[PDB]
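**Student:** Data: input24.txt, compact mmCIF, N, CA and C atoms and all ligand atoms.
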```
# COMPACT_ATOMS: atom_id res chain seq x y z
N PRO W 108 50.81 124.48 85.28
CA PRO W 108 51.67 123.68 84.38
C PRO W 108 52.00 122.31 84.98
N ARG W 109 52.52 122.31 86.20
CA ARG W 109 52.87 121.07 86.88
C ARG W 109 51.64 120.18 87.07
N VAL W 110 51.52 119.16 86.22
CA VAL W 110 50.39 118.24 86.29
C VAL W 110 50.74 117.01 87.12
N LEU W 111 51.99 116.56 87.01
CA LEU W 111 52.44 115.39 87.75
C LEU W 111 53.02 115.79 89.10
N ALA W 112 52.69 115.01 90.13
CA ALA W 112 53.17 115.28 91.48
C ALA W 112 54.01 114.12 92.01
N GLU W 113 55.05 114.44 92.77
CA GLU W 113 55.93 113.43 93.34
C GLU W 113 55.15 112.47 94.24
N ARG W 114 54.64 111.39 93.65
CA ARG W 114 53.88 110.41 94.40
C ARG W 114 54.75 109.71 95.44
N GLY W 115 55.78 109.01 94.96
CA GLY W 115 56.67 108.30 95.86
C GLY W 115 56.04 107.07 96.47
N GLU W 116 56.82 106.31 97.23
CA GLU W 116 56.33 105.10 97.87
C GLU W 116 55.55 105.44 99.14
N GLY W 117 54.47 106.20 98.99
CA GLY W 117 53.67 106.59 100.13
C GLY W 117 52.75 107.76 99.83
N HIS W 118 52.68 108.71 100.76
CA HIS W 118 51.83 109.88 100.59
C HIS W 118 52.32 110.75 99.43
N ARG W 119 51.39 111.37 98.72
CA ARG W 119 51.73 112.23 97.60
C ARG W 119 51.95 113.66 98.06
N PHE W 120 51.08 114.13 98.96
CA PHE W 120 51.18 115.48 99.50
C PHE W 120 51.22 116.52 98.38
N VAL W 121 50.08 117.15 98.12
CA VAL W 121 49.99 118.16 97.08
C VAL W 121 50.24 119.56 97.65
N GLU W 122 51.35 120.16 97.26
CA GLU W 122 51.71 121.50 97.73
C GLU W 122 50.59 122.49 97.44
N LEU W 123 50.05 123.09 98.50
CA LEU W 123 48.97 124.06 98.37
C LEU W 123 49.54 125.45 98.11
N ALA W 124 49.43 125.90 96.86
CA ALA W 124 49.93 127.22 96.47
C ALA W 124 49.26 128.32 97.28
N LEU W 125 49.88 128.70 98.39
CA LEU W 125 49.34 129.74 99.25
C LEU W 125 49.61 131.13 98.66
N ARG W 126 49.04 131.38 97.49
CA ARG W 126 49.22 132.66 96.82
C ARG W 126 47.99 133.54 97.00
N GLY W 127 47.38 133.46 98.18
CA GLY W 127 46.20 134.25 98.46
C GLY W 127 45.23 133.54 99.39
N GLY W 128 45.26 132.21 99.37
CA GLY W 128 44.38 131.44 100.22
C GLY W 128 45.12 130.80 101.39
N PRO W 129 44.65 131.02 102.63
CA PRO W 129 45.29 130.46 103.82
C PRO W 129 45.20 128.94 103.86
N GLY W 130 45.90 128.34 104.82
CA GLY W 130 45.88 126.90 104.97
C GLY W 130 45.81 126.51 106.42
N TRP W 131 44.97 125.53 106.74
CA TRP W 131 44.82 125.10 108.12
C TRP W 131 45.32 123.68 108.32
N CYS W 132 46.36 123.53 109.13
CA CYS W 132 46.94 122.22 109.41
C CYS W 132 45.90 121.29 110.04
N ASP W 133 45.09 120.67 109.19
CA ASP W 133 44.05 119.75 109.64
C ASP W 133 44.56 118.82 110.74
N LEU W 134 45.84 118.49 110.67
CA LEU W 134 46.46 117.62 111.66
C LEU W 134 46.34 118.21 113.06
N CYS W 135 46.89 119.41 113.24
CA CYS W 135 46.85 120.09 114.52
C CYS W 135 45.58 120.92 114.66
N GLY W 136 45.33 121.79 113.68
CA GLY W 136 44.15 122.63 113.71
C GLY W 136 44.50 124.11 113.77
N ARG W 137 45.73 124.45 113.43
CA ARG W 137 46.18 125.84 113.44
C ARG W 137 46.29 126.39 112.03
N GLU W 138 46.93 127.55 111.89
CA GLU W 138 47.10 128.18 110.59
C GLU W 138 48.46 127.84 109.99
N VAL W 139 48.48 127.55 108.70
CA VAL W 139 49.72 127.21 108.01
C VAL W 139 50.17 128.34 107.09
N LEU W 140 51.45 128.68 107.16
CA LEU W 140 52.01 129.76 106.34
C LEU W 140 52.75 129.19 105.14
N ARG W 141 53.75 128.35 105.40
CA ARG W 141 54.54 127.74 104.34
C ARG W 141 53.67 126.84 103.47
N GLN W 142 54.23 126.41 102.34
CA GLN W 142 53.50 125.54 101.42
C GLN W 142 53.07 124.25 102.11
N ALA W 143 51.90 124.28 102.73
CA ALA W 143 51.37 123.12 103.44
C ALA W 143 51.24 121.92 102.50
N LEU W 144 51.57 120.74 103.02
CA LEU W 144 51.49 119.52 102.23
C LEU W 144 50.14 118.83 102.44
N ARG W 145 49.33 118.82 101.38
CA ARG W 145 48.00 118.21 101.45
C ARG W 145 47.97 116.86 100.74
N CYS W 146 48.04 115.79 101.52
CA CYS W 146 48.02 114.44 100.97
C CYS W 146 46.58 114.00 100.72
N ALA W 147 46.00 114.50 99.62
CA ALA W 147 44.62 114.16 99.27
C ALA W 147 44.45 112.66 99.04
N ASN W 148 45.56 111.93 98.96
CA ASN W 148 45.51 110.49 98.75
C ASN W 148 44.94 109.76 99.96
N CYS W 149 45.00 110.40 101.13
CA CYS W 149 44.48 109.79 102.35
C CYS W 149 44.42 110.79 103.50
N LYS W 150 45.51 111.52 103.70
CA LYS W 150 45.58 112.50 104.77
C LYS W 150 44.93 113.82 104.35
N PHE W 151 45.54 114.95 104.73
CA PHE W 151 44.99 116.26 104.40
C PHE W 151 46.10 117.32 104.38
N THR W 152 45.70 118.60 104.36
CA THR W 152 46.67 119.70 104.34
C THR W 152 47.37 119.83 105.69
N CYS W 153 48.58 119.29 105.77
CA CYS W 153 49.36 119.34 107.00
C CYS W 153 50.44 120.42 106.93
N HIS W 154 50.97 120.80 108.09
CA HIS W 154 52.02 121.80 108.15
C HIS W 154 53.29 121.29 107.49
N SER W 155 54.04 122.19 106.86
CA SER W 155 55.28 121.81 106.19
C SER W 155 56.22 121.07 107.13
N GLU W 156 56.56 121.70 108.25
CA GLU W 156 57.45 121.10 109.23
C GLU W 156 56.81 119.90 109.92
N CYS W 157 55.48 119.80 109.83
CA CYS W 157 54.76 118.70 110.45
C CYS W 157 54.82 117.43 109.60
N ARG W 158 55.05 117.60 108.30
CA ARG W 158 55.13 116.47 107.39
C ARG W 158 56.19 115.47 107.84
N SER W 159 57.30 115.99 108.36
CA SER W 159 58.39 115.14 108.83
C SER W 159 57.96 114.32 110.04
N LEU W 160 56.97 114.84 110.78
CA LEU W 160 56.47 114.15 111.96
C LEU W 160 55.46 113.07 111.58
N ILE W 161 54.88 113.19 110.39
CA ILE W 161 53.90 112.22 109.92
C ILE W 161 54.58 111.05 109.22
N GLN W 162 54.75 109.94 109.94
CA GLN W 162 55.38 108.76 109.38
C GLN W 162 54.35 107.69 109.03
N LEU W 163 53.17 108.14 108.62
CA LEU W 163 52.09 107.22 108.26
C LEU W 163 52.18 106.82 106.79
N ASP W 164 51.74 105.61 106.48
CA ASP W 164 51.77 105.11 105.11
C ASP W 164 50.50 105.49 104.36
N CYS W 165 50.60 105.59 103.04
CA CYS W 165 49.46 105.95 102.22
C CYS W 165 48.34 104.93 102.36
N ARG W 166 47.28 105.33 103.06
CA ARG W 166 46.13 104.46 103.28
C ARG W 166 45.42 104.15 101.97
ZN ZN L 201 49.03 109.28 101.04
ZN ZN L 202 51.05 121.15 112.11
```
Take the structure in this file and express it as structure tokens.
**Tutor:**
Amino acid sequence: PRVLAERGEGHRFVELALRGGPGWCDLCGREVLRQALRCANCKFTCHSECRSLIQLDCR
């Protein structure tokens, strides 16, 4: 249903619905449990708590 995503003044980060499929924090390279934030706009599927550490602008 949710077609629009909170773009904001920077990264969009598309919440990866982990309802059966795992997620790998491309940033670090480990396994992600929580709704990993995947900024397909430039970055990738990063860890939820890691998103706060990523202060990069939307390339
Ligand atoms: Zn971005
Ligand atoms: Zn991480």
**Student:** Write out as a PDB file with N, CA and C atoms, keeping the file's coordinate frame each polymer residue (protein, DNA or RNA) that has an atom no more than 8 Å from ligand ZN 202 (chain L), with only C-alpha atoms and all ligand atoms counted.
**Tutor:**
```
ATOM      1  N   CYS W 132      46.360 123.530 109.130  1.00  0.00           N
ATOM      2  CA  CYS W 132      46.940 122.220 109.410  1.00  0.00           C
ATOM      3  C   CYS W 132      45.900 121.290 110.040  1.00  0.00           C
ATOM      4  N   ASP W 133      45.090 120.670 109.190  1.00  0.00           N
ATOM      5  CA  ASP W 133      44.050 119.750 109.640  1.00  0.00           C
ATOM      6  C   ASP W 133      44.560 118.820 110.740  1.00  0.00           C
ATOM      7  N   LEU W 134      45.840 118.490 110.670  1.00  0.00           N
ATOM      8  CA  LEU W 134      46.460 117.620 111.660  1.00  0.00           C
ATOM      9  C   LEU W 134      46.340 118.210 113.060  1.00  0.00           C
ATOM     10  N   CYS W 135      46.890 119.410 113.240  1.00  0.00           N
ATOM     11  CA  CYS W 135      46.850 120.090 114.520  1.00  0.00           C
ATOM     12  C   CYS W 135      45.580 120.920 114.660  1.00  0.00           C
ATOM     13  N   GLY W 136      45.330 121.790 113.680  1.00  0.00           N
ATOM     14  CA  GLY W 136      44.150 122.630 113.710  1.00  0.00           C
ATOM     15  C   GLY W 136      44.500 124.110 113.770  1.00  0.00           C
ATOM     16  N   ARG W 137      45.730 124.450 113.430  1.00  0.00           N
ATOM     17  CA  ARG W 137      46.180 125.840 113.440  1.00  0.00           C
ATOM     18  C   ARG W 137      46.290 126.390 112.030  1.00  0.00           C
ATOM     19  N   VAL W 139      48.480 127.550 108.700  1.00  0.00           N
ATOM     20  CA  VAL W 139      49.720 127.210 108.010  1.00  0.00           C
ATOM     21  C   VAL W 139      50.170 128.340 107.090  1.00  0.00           C
ATOM     22  N   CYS W 153      48.580 119.290 105.770  1.00  0.00           N
ATOM     23  CA  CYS W 153      49.360 119.340 107.000  1.00  0.00           C
ATOM     24  C   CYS W 153      50.440 120.420 106.930  1.00  0.00           C
ATOM     25  N   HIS W 154      50.970 120.800 108.090  1.00  0.00           N
ATOM     26  CA  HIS W 154      52.020 121.800 108.150  1.00  0.00           C
ATOM     27  C   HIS W 154      53.290 121.290 107.490  1.00  0.00           C
ATOM     28  N   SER W 155      54.040 122.190 106.860  1.00  0.00           N
ATOM     29  CA  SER W 155      55.280 121.810 106.190  1.00  0.00           C
ATOM     30  C   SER W 155      56.220 121.070 107.130  1.00  0.00           C
ATOM     31  N   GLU W 156      56.560 121.700 108.250  1.00  0.00           N
ATOM     32  CA  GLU W 156      57.450 121.100 109.230  1.00  0.00           C
ATOM     33  C   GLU W 156      56.810 119.900 109.920  1.00  0.00           C
ATOM     34  N   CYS W 157      55.480 119.800 109.830  1.00  0.00           N
ATOM     35  CA  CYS W 157      54.760 118.700 110.450  1.00  0.00           C
ATOM     36  C   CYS W 157      54.820 117.430 109.600  1.00  0.00           C
ATOM     37  N   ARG W 158      55.050 117.600 108.300  1.00  0.00           N
ATOM     38  CA  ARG W 158      55.130 116.470 107.390  1.00  0.00           C
ATOM     39  C   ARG W 158      56.190 115.470 107.840  1.00  0.00           C
TER      40      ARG W 158
END
```
**Student:** With distances taken over all atoms listed in the file, which residue among W:109, W:162, W:142, W:120 lies nearest ligand ZN 201 (chain L)?
**Tutor:**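 The closest residue to ligand ZN 201 (chain L) is W:120.
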**Student:** If DSSP is run on the backbone, what residues of chain W are strand (DSSP E or B)? A reply as a ChimeraX atom specification would be ideal.
**Tutor:** /W:121-122,130-131,138-139,144-145,152-153
**Student:** Find, counting all atoms listed in the file, the residue in W:160, W:121, W:112, W:165 that gets nearest to residue W:146.
**Tutor:**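 Closest residue, counting all atoms listed in the file: W:121.
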**Student:** Produce as a list in words the set of residues near ligand ZN 201 (chain L), where near means within 6.5 Å with all atoms listed in the file considered.
**Tutor:**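 I would give the residues around ligand ZN 201 (chain L) as residues 117, 118, 119, 120, 146, 147, 148, 149, 150, 164, 165 and 166 of chain W.
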**Student:** Report the residues of stretch 123-161 of chain W whose backbone DSSP state falls under alpha helix (DSSP H), written as a PyMOL selection string.
**Tutor:** chain W and resi 155-158
**Student:** What is the atom CA of residue W:161-atom CA of residue W:129 distance in Å, reported with one decimal?
**Tutor:**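 These atoms are spaced 21.1 Å apart.
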**Student:** Give me, please, the distance in Å between atom CA of residue W:115 and atom N of residue W:131, quoted to one decimal.
**Tutor:**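 Straight-line distance from atom CA of residue W:115 to atom N of residue W:131 works out to 23.5 Å.
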**Student:** Measuring between all atoms listed in the file, which one of W:128, W:122, W:159, W:114 shows the shortest distance to residue W:145?
**Tutor:** W:122
**Student:** Which distance in Å separates atom CA of residue W:163 and atom CA of residue W:124, to one decimal?
**Tutor:**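 Spanning atom CA of residue W:163 to atom CA of residue W:124 is a straight-line distance of 23.3 Å.
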